[PDB]
2 protein chains.
Amino acid sequence: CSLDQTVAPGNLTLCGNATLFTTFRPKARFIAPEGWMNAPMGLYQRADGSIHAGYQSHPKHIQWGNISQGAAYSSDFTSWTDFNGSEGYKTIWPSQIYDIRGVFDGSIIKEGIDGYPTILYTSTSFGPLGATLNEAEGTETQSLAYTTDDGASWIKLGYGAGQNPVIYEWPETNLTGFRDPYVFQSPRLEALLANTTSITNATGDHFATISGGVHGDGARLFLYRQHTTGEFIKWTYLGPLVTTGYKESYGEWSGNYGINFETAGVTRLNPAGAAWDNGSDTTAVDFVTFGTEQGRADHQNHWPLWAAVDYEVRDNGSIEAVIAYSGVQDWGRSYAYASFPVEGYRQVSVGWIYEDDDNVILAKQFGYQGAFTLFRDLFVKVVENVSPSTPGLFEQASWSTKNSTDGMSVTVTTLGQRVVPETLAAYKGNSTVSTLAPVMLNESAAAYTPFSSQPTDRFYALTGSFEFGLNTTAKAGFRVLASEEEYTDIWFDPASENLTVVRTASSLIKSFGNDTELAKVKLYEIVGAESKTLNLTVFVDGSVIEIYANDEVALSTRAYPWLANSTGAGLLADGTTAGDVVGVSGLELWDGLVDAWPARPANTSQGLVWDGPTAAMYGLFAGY
Amino acid sequence: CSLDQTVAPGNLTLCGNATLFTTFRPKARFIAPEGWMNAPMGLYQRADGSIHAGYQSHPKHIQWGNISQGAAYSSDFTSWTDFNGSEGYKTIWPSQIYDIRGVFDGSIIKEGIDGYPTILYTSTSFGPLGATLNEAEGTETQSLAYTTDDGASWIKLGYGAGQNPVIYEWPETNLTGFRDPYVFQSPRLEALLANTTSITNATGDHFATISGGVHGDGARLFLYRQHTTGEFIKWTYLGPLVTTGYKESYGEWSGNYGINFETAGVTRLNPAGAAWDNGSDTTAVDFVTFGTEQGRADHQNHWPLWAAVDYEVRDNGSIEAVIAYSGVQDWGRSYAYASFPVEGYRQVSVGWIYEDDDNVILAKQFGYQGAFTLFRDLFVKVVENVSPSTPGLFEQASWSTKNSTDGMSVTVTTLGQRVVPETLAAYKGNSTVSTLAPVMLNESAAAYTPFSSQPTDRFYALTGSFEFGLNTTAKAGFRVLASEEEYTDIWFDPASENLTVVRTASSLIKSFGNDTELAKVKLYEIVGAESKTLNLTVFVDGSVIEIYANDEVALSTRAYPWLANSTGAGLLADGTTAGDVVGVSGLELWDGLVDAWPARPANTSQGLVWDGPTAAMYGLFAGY
Ligand SMILES: *[C@@H]1O[C@H](CO)[C@@H](O[C@@H]2O[C@H](CO)[C@@H](O[C@@H]3O[C@H](CO[C@H]4O[C@H](CO[C@H]5O[C@H](CO)[C@@H](O)[C@H](O)[C@@H]5O[C@H]5O[C@H](CO)[C@@H](O)[C@H](O)[C@@H]5O)[C@@H](O)[C@H](O[C@H]5O[C@H](CO)[C@@H](O)[C@H](O)[C@@H]5O)[C@@H]4O)[C@@H](O)[C@H](O[C@H]4O[C@H](CO)[C@@H](O)[C@H](O)[C@@H]4O[C@H]4O[C@H](CO)[C@@H](O)[C@H](O)[C@@H]4O[C@H]4O[C@H](CO)[C@@H](O)[C@H](O)[C@@H]4O)[C@@H]3O)[C@H](O)[C@H]2NC(C)=O)[C@H](O)[C@H]1NC(C)=O
Ligand SMILES: *[C@@H]1O[C@H](CO)[C@@H](O[C@@H]2O[C@H](CO)[C@@H](O[C@@H]3O[C@H](CO[C@H]4O[C@H](CO[C@H]5O[C@H](CO)[C@@H](O)[C@H](O)[C@@H]5O[C@H]5O[C@H](CO)[C@@H](O)[C@H](O)[C@@H]5O)[C@@H](O)[C@H](O[C@H]5O[C@H](CO)[C@@H](O)[C@H](O)[C@@H]5O)[C@@H]4O)[C@@H](O)[C@H](O[C@H]4O[C@H](CO)[C@@H](O)[C@H](O)[C@@H]4O[C@H]4O[C@H](CO)[C@@H](O)[C@H](O)[C@@H]4O[C@H]4O[C@H](CO)[C@@H](O)[C@H](O)[C@@H]4O)[C@@H]3O)[C@H](O)[C@H]2NC(C)=O)[C@H](O)[C@H]1NC(C)=O
Ligand SMILES: *[C@@H]1O[C@H](CO)[C@@H](O[C@@H]2O[C@H](CO)[C@@H](O[C@@H]3O[C@H](CO[C@H]4O[C@H](CO)[C@@H](O)[C@H](O[C@H]5O[C@H](CO)[C@@H](O)[C@H](O)[C@@H]5O)[C@@H]4O)[C@@H](O)[C@H](O[C@H]4O[C@H](CO)[C@@H](O)[C@H](O)[C@@H]4O)[C@@H]3O)[C@H](O)[C@H]2NC(C)=O)[C@H](O)[C@H]1NC(C)=O
Ligand SMILES: *[C@@H]1O[C@H](CO)[C@@H](O[C@@H]2O[C@H](CO)[C@@H](O[C@@H]3O[C@H](CO[C@H]4O[C@H](CO)[C@@H](O)[C@H](O[C@H]5O[C@H](CO)[C@@H](O)[C@H](O)[C@@H]5O)[C@@H]4O)[C@@H](O)[C@H](O[C@H]4O[C@H](CO)[C@@H](O)[C@H](O)[C@@H]4O)[C@@H]3O)[C@H](O)[C@H]2NC(C)=O)[C@H](O)[C@H]1NC(C)=O
Ligand SMILES: *[C@@H]1O[C@H](CO)[C@@H](O[C@@H]2O[C@H](CO)[C@@H](O)[C@H](O)[C@H]2NC(C)=O)[C@H](O)[C@H]1NC(C)=O
Ligand SMILES: *[C@@H]1O[C@H](CO)[C@@H](O[C@@H]2O[C@H](CO)[C@@H](O)[C@H](O)[C@H]2NC(C)=O)[C@H](O)[C@H]1NC(C)=O
Ligand SMILES: *[C@@H]1O[C@H](CO)[C@@H](O)[C@H](O)[C@H]1NC(C)=O
Ligand SMILES: *[C@@H]1O[C@H](CO)[C@@H](O)[C@H](O)[C@H]1NC(C)=O
Ligand SMILES: *[C@@H]1O[C@H](CO)[C@@H](O)[C@H](O)[C@H]1NC(C)=O
Ligand SMILES: *[C@@H]1O[C@H](CO)[C@@H](O)[C@H](O)[C@H]1NC(C)=O
Ligand SMILES: *[C@@H]1O[C@H](CO)[C@@H](O)[C@H](O)[C@H]1NC(C)=O
Ligand SMILES: *[C@@H]1O[C@H](CO)[C@@H](O)[C@H](O)[C@H]1NC(C)=O
Ligand SMILES: *[C@@H]1O[C@H](CO)[C@@H](O)[C@H](O)[C@H]1NC(C)=O
Ligand SMILES: *[C@@H]1O[C@H](CO)[C@@H](O)[C@H](O)[C@H]1NC(C)=O
Ligand SMILES: *[C@@H]1O[C@H](CO)[C@@H](O)[C@H](O)[C@H]1NC(C)=O
Ligand SMILES: *[C@@H]1O[C@H](CO)[C@@H](O)[C@H](O)[C@H]1NC(C)=O
Ligand SMILES: *[C@@H]1O[C@H](CO)[C@@H](O)[C@H](O)[C@H]1NC(C)=O
Ligand SMILES: OC[C@H]1O[C@](O)(CO)[C@@H](O)[C@@H]1O
Ligand SMILES: OC[C@H]1O[C@](O)(CO)[C@@H](O)[C@@H]1O
Ligand SMILES: O=[N+]([O-])c1ccc(O)cc1
Ligand SMILES: O=[N+]([O-])c1ccc(O)cc1
Ligand SMILES: O=[N+]([O-])c1ccc(O)cc1
């Protein structure tokens, strides 16, 4: 095939394996060296302060299978180094009857077996596995392994009675799933349960949730408690923590709860970050983050959600997490968010961005699939002095409201997300930074106005503050990865409250997805203000477009323009007039970002392989 | 429990694990250090002249499961040393999706991958597996591994296309089984196929059989040929080598062909041992040895058989092995015979002797199950100058006859088996040998006459030649493991041609088997003789009783007397009179035999373990 990016693309399906390896590939973020990746796993801050990140991995293939933990480490979330051992960059792989079908997601007990960091993970064996299939007990169990070398290798507990797997009995019949154990400490839950520990005999300092659901009756998050402090074999089932209905939706701001949960976690946050109080901090909020499946017509039937919850203690010594309000962690092509504690009272979240090639047309030509999102600090976002005339404000859909004593202003609380400052500092410092003059978008505004400085490649960031009239019908935003013939348009339309990514012209290559992305964004109007403001930040990284609005709304998507010069960026304006003006300020472009994998050459493909005719016989993995 | 062997046994089911480890345990033969063992596998003579023996092994359990290769070596078939590596005495174990359900039987390519000894073995995965179940393609495949350290460890080929497993497609639909690859070189088969290699393109110097059958339509031995010399991935299916009918029997001397073959092998022998001619040696005979299942009402539904065959070349470049005559390799509690070449033009065979505790009542108390037989030289047994008035002679059931030119005498040919001379020499040399005076059994003979010298423990051998009148109705034999209250009786009754082992009084412990064993023995009468002779040799080794008659008939069984003094032996006589006399000569007792595992302590138990509740969930292994 021809790789001439100055002319229209040919038939790229004729290209060899990994011939398009560098063409669309992110450079400034976490990604496997090659092949298939999906969910983050095994995330923890090591004793030396560095971050260990695992991920679901299938090297030398471009579909899921033999799923293993690949791993790497970083001192700043931003520049990474691969582990290299006897299995390359893998550190846990299928090896025993109980996990031979896949080492699924798992999470870290920092002070575990013999004092070592310990992973509790879903060990899978044979049989139908899935929320739409007739799964049986044993197919998904939960197992332990520990590391004596800070994540370079893991030792599994032995197979058998009183050893691995450590959790195998289904807590209810007819489960849709039983996976993704999330281990956490919780002074809050310990305080709530302290008066009931005689009922259950579970007194350990670690809790674990397991994600699943019940056939025909919606998703479930099951809560376990470590039976005894310092002992890791026995985990006592308390009860369902979160119970939702079959394809239940809390509404337009909240996705859909589907039929089954995946990768659920539990945290507690306050306005500064992570909160480790027992309930005494009145500014702190309990949150659950979770994926749902089969409640969405597109995006691989997957919603990455979160909910604020109020805990109630049941008479049998378990906890009901009652949903107070419910939102979306990312509105685009991402899923499988994991969060973990970081020193300085932080909780950091990261997810997986899948490709937009669902028919698997150019995956072999790429030689890889998937990347992470950026790493995000979670916190309680608080907006003070909100005007009660903010449209829709008292729906309290994915936020809560608290009136002032006099009823004239409102305090809004919701989940905040922002890129970790280490990454922003490194990006800015390594980039060519252009601080741009403010622009009034009025009757003279073109549909597209290129920035006065332009990117030089597909690795850049941009930010801007868009000030709108309170009754505007104008739209504005950013165009990125743009030439005359290919471009991706990011619009906000305050009248509809919709942030969209229009991808009809994103690429000349017709096999990639081109559906319009959509997020809801609430501009909380401030008392006394005669305008409302959207702070919009965009990261462009190969084919990833990752959008953040108001440290609250995130939308990750993909664009694969063919032409070498489809790298431009600028401002979008629609329906701006002399009377309906959009003021854009705080404009800045960072060109270049950071080389996130400095030790890797440009092409880390090792080729692709086929599992052969037995893949279809076993029926577990696609085989390629 | 009480282990007082001077009084009646108590309730031994109350005894702890491995508390009866030494009580009944063989000392003079090949046996695992502890736990479950079954079939011999991976047998070969190493470059240094020593013998490598593998076996199906499940350490720390007393039922089958996670089946692996345990291994040991010997310079004389008799004194053995265990391998000791990272997995103890195991050297191959389930580790990959293709073999995670068990590393089943396999055999050796001496000059294989990169010139190293290479095993071709049955790699098993998930799904129904068995001749009475609905097995599917993929559940049993055939895979390669090689050793760079003379059997201390094995490296498997990688999983995938053009790698492991190397044989996976079923040659016919609806197989009852597809396992136990037997690799061999054959100048005979090469010569037969040389004119047809254009039809199949298979020209390699190794052949392999795979054992199985077809549902409802009997057993099958499938023949493959290595496609190209020096290359080990591609094996071409030629056709069925042996085809038998559903529960077909050739008769009383020949067991039953059942529904499915296991552990089948192919060899060529002459009167001296192994024959490596191309067909030019007129004294050589082609043989197949094979196990059959579900054609027997007892003995675990298993027959260990052999057949002499005449090869025919089919038009499609395959071989039909037409059965000429058909016999039994061992008439007792043994199965899974494997044979292998040994320097000096020898073919040596060894099998597995199972316990007689089929309800698994005292297996945990033993802490082990199973042993090998002794190692046996195979050869063509030729008897000259046989009288045509030998009863039943021209049935030619498990032998062939060739008349002299004048029709007055017959040459008889059959399969010969004898204990390897290395073992007999070592046994005799380490024993207290008593050469006993000949005994005429007549009207004065007691039912039981103790030998003039007695054994001192349960480890001894005895031999004798019993001369009978041509029209005798007398019976005689040996009693072993004998006190007043417990004993095992080995009888030959020339009038019925039956060799029996009567075990009604073998033990005071009622849970062990007590059924009478039976073999057919043909005393070929010699021209001019006025008598007929049975040469009977018996090895007593813990609980094993292994009987050989006339270097032809073998019968392995088990006896578990409780009393410490149930060790005696002597002569049996029934219906001997002044006129019907049995002359016994060549009588000799070897007391002690050899310590076959000199580096092992008396108790090599490591305890027993339970796999836990997941064993029943996975449904593959009993779990204990
Ligand atoms: C079917 O059969 C399968 C095969 O048998 C079976 O799988 C095997 O299961 C067994 C049993 O569970 C596993 O055995 C365990 O192994 C653990 C260590 O595992 C790691 O290391 C081994 C060995 O590594 C050596 O060899 C390899 C290979 O050559 C080398 O690469 C290594 O470098 C290393 O080499 C050195 O050592 C060799 C000899 O050992 C030398 O020959 C060599 O020269 C070198 O010097 C690896 O093989 C393992 O790899 C495999 O597993 C990993 C995942 O873990 C995979 O990723 C990988 O691909 C492989 O598959 C692995 O790296 C042991 O720790 C463990 O022993 C502990 O537990 C048992 C009980 O379960 C105790 O009896 C024992 O005492 C140990 O417990 C003590 O120690 C720990 C801390 O160390 C404590 O937590 C514990 O409390 C206890 O303490 C006690 O003692 C203390 C005294 O110090 C005292 O203070 C305490 O108070 C207390 O009393 C166990 O041996 C085996 O690994 C499996 N093998 C494989 C290949 O899978 C499978 O399950 C079966 N399936 C079924 C269904 O039945
Ligand atoms: C799901 O994922 C699973 C995990 O990824 C996956 O299983 C893995 O599959 C891969 C791919 O098939 C296997 O990789 C192969 O490994 C073979 C060696 O295997 C043995 O050794 C390894 C490594 O041993 C080191 O590490 C262990 C663990 O720490 C130590 O115990 C050892 O002591 C040793 O340690 C040293 O080295 C380390 C680094 O390597 C150092 O860190 C350390 O300090 C030490 O110095 C073991 O791990 C293996 O154990 C496992 O497997 C055994 C059974 O085999 C089990 O019993 C055991 O329990 C474990 O499970 C094992 O002992 C390699 O030989 C092989 O590489 C060859 O093939 C590939 C292609 O397939 C070629 O690319 C490569 O070039 C090699 O081929 C050349 O060499 C051979 C001869 O050596 C030739 O025959 C061949 O023609 C070719 O020659 C070429 O080069 C020549 C130049 O010299 C030239 O002359 C020729 O012309 C030609 O060009 C391959 O790497 C891996 O072992 C599996 N791992 C496990 C744990 O199972 C699984 O399949 C997946 N499942 C699915 C469904 O997808
Ligand atoms: C001697 O060797 C055995 C191995 O053979 C060692 O382990 C024991 O194995 C036997 C099987 O041989 C197991 O028996 C089965 O037990 C289950 C129920 O077990 C539960 O209750 C037990 C009694 O208090 C308890 O000990 C068990 O605890 C272990 O297992 C749990 C996991 O469940 C684990 O968390 C613990 O830490 C322990 O490891 C467990 O709670 C029973 O259902 C089985 O019944 C079947 O079989 C019987 C007998 O034929 C039959 O009557 C039933 O109808 C049914 O068909 C079976 O009894 C035993 O549990 C194992 N014990 C263990 C692991 O401690 C044993 O330890 C060795 N002894 C010594 C001293 O070393
Ligand atoms: C590029 O990367 C791929 C891995 O993705 C490398 O391997 C090839 O993978 C593809 C799948 O991506 C395989 O395609 C399938 O092939 C089978 C039929 O294969 C047979 O015929 C082939 C053509 O001549 C031949 O090459 C194969 O030989 C290999 O495998 C045998 C074992 O069977 C082995 O013994 C050999 O040594 C070889 O290793 C084999 O004989 C086909 O049935 C599949 O069809 C399905 O999918 C297609 C596509 O969607 C669809 O149209 C069908 O309807 C059906 O659903 C599929 O085409 C391919 O066989 C693999 N090739 C190999 C292993 O050589 C590939 O090698 C990499 N290229 C390079 C240059 O590195
Ligand atoms: C948009 O971003 C601006 C700039 O960061 C935010 O304004 C700042 O608000 C903080 C208080 O939290 C002040 O300390 C700064 O001085 C403000 N800077 C200004 C006004 O330039 C603004 O709050 C953001 N708006 C939204 C809606 O998120
Ligand atoms: C029983 O054993 C005896 C002793 O080994 C066998 O008799 C020997 O036969 C060989 C010929 O093959 C002679 O060289 C020996 O001298 C014979 N010894 C004798 C008669 O004492 C005898 O053939 C065996 N009989 C059977 C039926 O197997
Ligand atoms: C970019 O490339 C295309 C195709 O080579 C060309 O037509 C166009 O003029 C170039 N420059 C742009 C769009 O600014
Ligand atoms: C505790 O009660 C809740 C609510 O009825 C129930 O769902 C849960 O299963 C119970 N926990 C147990 C039985 O451990
Ligand atoms: C909150 O304030 C709004 C606006 O003043 C008012 O309509 C509403 O009733 C108030 N809610 C409460 C609980 O006082
Ligand atoms: C550039 O990036 C590296 C890697 O993250 C970072 O450590 C470094 O501080 C950055 N350089 C700057 C900020 O000048
Ligand atoms: C309208 O927009 C253009 C471009 O920003 C600017 O030059 C002009 O001053 C604006 N008009 C007013 C009245 O500010
Ligand atoms: C052997 O032991 C039993 C039981 O202790 C005893 O009755 C008998 O007399 C002993 N001696 C024999 C049978 O020669
Ligand atoms: C032997 O003990 C077992 C328990 O292992 C008991 O069930 C059985 O009834 C006992 N047999 C007796 C007393 O005969
Ligand atoms: C060769 O012919 C025999 C007899 O018909 C048949 O059983 C066998 O399958 C054939 N071999 C092939 C098709 O490879
Ligand atoms: C073989 O010899 C027996 C006895 O003399 C005779 O009955 C039979 O017919 C002979 N067979 C042949 C083929 O000559
Ligand atoms: C005793 O047994 C050993 C082990 O087989 C053997 O090598 C040795 O030669 C024997 N001793 C003799 C025959 O005196
Ligand atoms: C009968 O048998 C006994 C014991 O062997 C012996 O003493 C006696 O001589 C035998 N009788 C004859 C006639 O040989
Ligand atoms: O790769 C398997 C893993 O990916 C997920 O399905 C999320 O997409 C998890 O539930 C599971 O552990
Ligand atoms: O342990 C499994 C092995 O044992 C046998 O069933 C014979 O009894 C073989 O066919 C198989 O390879
Ligand atoms: O791209 N940019 O100029 C940016 C991006 C992010 C940010 O927080 C500030 C500026
Ligand atoms: O499939 N199985 O459970 C088996 C197969 C063969 C055997 O010898 C024992 C058990
Ligand atoms: O026990 N014995 O005296 C024997 C056993 C076997 C043998 O070949 C000769 C004598």
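In what follows, chains carry the letters A, B, and so on, assigned in the order in which the sequence lines appear, proteins first and then strands, with residues in each chain numbered from 1.
For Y168(B), the parts lying under 4.5 angstrom from a heavy atom of chain A are both the backbone and the side chain. Proximity to chain A involves both the backbone and the side chain of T614(B), based on heavy atoms less than 4.5 angstrom apart. The part of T141(B) that comes within reach of chain A is its side chain, from C-beta onward, which places non-hydrogen atoms under 4.5 angstrom from that chain.
Counting heavy-atom pairs closer than 4.5 Å to chain B, the top-ranked of the candidates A616(A), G619(A), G612(A), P94(A) is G612(A). Here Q96(B) is the residue among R101(B), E169(B), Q163(B), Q96(B) with the most heavy-atom pairs under 4.5 Å with chain A. Comparing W610(B), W93(B), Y159(B), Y98(B) by heavy-atom pairs within less than 4.5 Å of chain A, the highest count is held by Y159(B). Between chain B and the residues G158(A), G127(A), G138(A), the largest count of heavy-atom pairs under 4.5 Å involves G138(A).
To the nearest 0.5 Å, atom OG of residue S125(A) and atom CG of residue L620(B) are 7.0 Å apart. To the nearest 0.5 angstrom, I97(A) atom CD1 is 5.0 Å from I100(B) atom CD1.
Within 6.0 Å of OH on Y116(A) lie no more than 12 heavy atoms contributed by other residues, nucleotides or ligands.
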